[PDB]
Structure formats: structure tokens, C-alpha cells
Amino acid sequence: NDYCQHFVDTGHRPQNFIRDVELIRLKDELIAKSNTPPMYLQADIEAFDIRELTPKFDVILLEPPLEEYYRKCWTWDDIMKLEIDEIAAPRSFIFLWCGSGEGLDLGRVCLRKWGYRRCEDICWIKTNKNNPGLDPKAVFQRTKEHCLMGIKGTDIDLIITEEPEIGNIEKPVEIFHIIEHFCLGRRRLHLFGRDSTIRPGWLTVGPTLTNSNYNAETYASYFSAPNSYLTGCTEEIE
């Protein structure tokens, strides 16, 4: 079976044909027990002293709205100017959504800049089952997006879903599952998050949020000894 040779015949992407897309139930419930209240702050990130967020963050999910996502936007020019290094913790992770164009390169440049080294490349692989069937530079129809994982200081790498209805910009939630299952820290920040992505255990910050509950002193209060260090997968301590 050649599923590339097939796609060419029909328009059923090879990924269309991947069959199956001791339970980890405690880990989920321990995430849930540890999770902060959801928080969120409507903020024009460009126009926004970034240092006005604290404490530093154990994990960061960067989902900036790419020019390409559409067939205010951020260019890699704009994204690369962010001072992420300044709100990451000494031991910190980052998950940067990169698209499928220049971002696969410029995002690595971003990671190095903010002092990360990429240890994982996670692929969102989109199916066109409901729709059997490109920028000029490209050679092949592009049928996936990349999330790059970066570490600072000392579940598989795939996500299979249907291609979203074109112009719908959302990323598979599975991403949160993968982050949360790593047990990295309870200080979690989603940049360029939306009302739709707001989630317990996360501080969502972005321009399109319609309401704000954020308060630094209050947020900080959630990680005061003896809670500061916790994994997110641990119990709390009475």
C-alpha cells in the first residue's frame, strides 16, 4: 500500500487511514486537584509591558495568530521581539505553535533567543475524511502544523484530528493534555489564548478575551509555601 500514491488518485491524505486515534485516570484527577482556578487577562500583548506578569512561569504555551492561519496578525518579526526569557522561570518549558512555513525555522530561532533548547517536535496531523481533495514557495500540499517544545534549565509526539473548517483558527486541546501529563509546574501561561481556550490550572492572556479576572497578588497567593514547588500531578498538602 502506497497512501501517497493513493492521495494523488483520490485526495484521501495518508493520515486519513490511521486506524486507532491500565488507565492514566489518577494523573488526570491529581492534575485536577492541583489545578488553580482558571485566570485570564484581556491584554494587547504588543502594547503591554510583559514583566507585569508574575511569578515567573513553569510552562508557557505560545499560540500567536500567524498571517498564514488565514487563507491584528503577528509576523515572526513581531513574535521574535517578545521578551519571553524575562517571564520564564530558571527551569521553564515552552510550547510554541509554528504553523508549517517559515515558523518551523524562525520559531527555533525564537527558542534559542529566549534561552530554550528544543527537545520535542509535536505534529498536528489533519485529516480530510469529510473533504477528500498552497503558498508559492511550497513543493507539497501542507497537511500538518508543528508545536515545538523547549526546555530552560537542566503520550506520543503526534495529534490526529480532521482539518478544521477553513478560517477556524483553534488548535487541538490534546495539546493541554500533553503539557499537563508532563507535570512541569502549576504556574501555566497561555499567550494569545481566547475566551474559548480558558482552562483550569492556566492563566490565559490575549487581546480577544472579553473579560479579565487576573490579579498578580491573588495569582501569586496560589503558589505560596507550601504549594510553590508542586508538580501539578502531586496532591495538595492540608
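The numbering used is simple: start at 1 and walk along the sequence shown.
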Missing from the model but present in the deposited sequence, between residue 164 and residue 165: none
Residue stretch of maximal mean CA temperature factor, 186-194 vs 50-58: 50-58
Could you check which stretch, 101-109 or 85-93, carries the larger mean CA temperature factor in the entry? 85-93
Looking at 228, 15, 221, 215, which has the highest Cα B-factor in the entry? 228
Looking at the C-alpha B-factor of residue 63, is it in the lowest, middle or highest third of its chain? lowest
When the modelled residues of the chain are sorted by Cα temperature factor, does residue 27 land in the lowest, middle or highest third? highest
State the tercile, meaning the lowest, middle or highest third, of residue 199 with respect to the CA B-factors recorded for its chain. lowest
Among the modelled residues of its chain, the C-alpha B-factor of residue 148 falls in the third labelled lowest
Would you mind checking where the Cα B-factor of residue 122 ranks among the modelled residues of its chain, as the lowest, middle or highest third? lowest
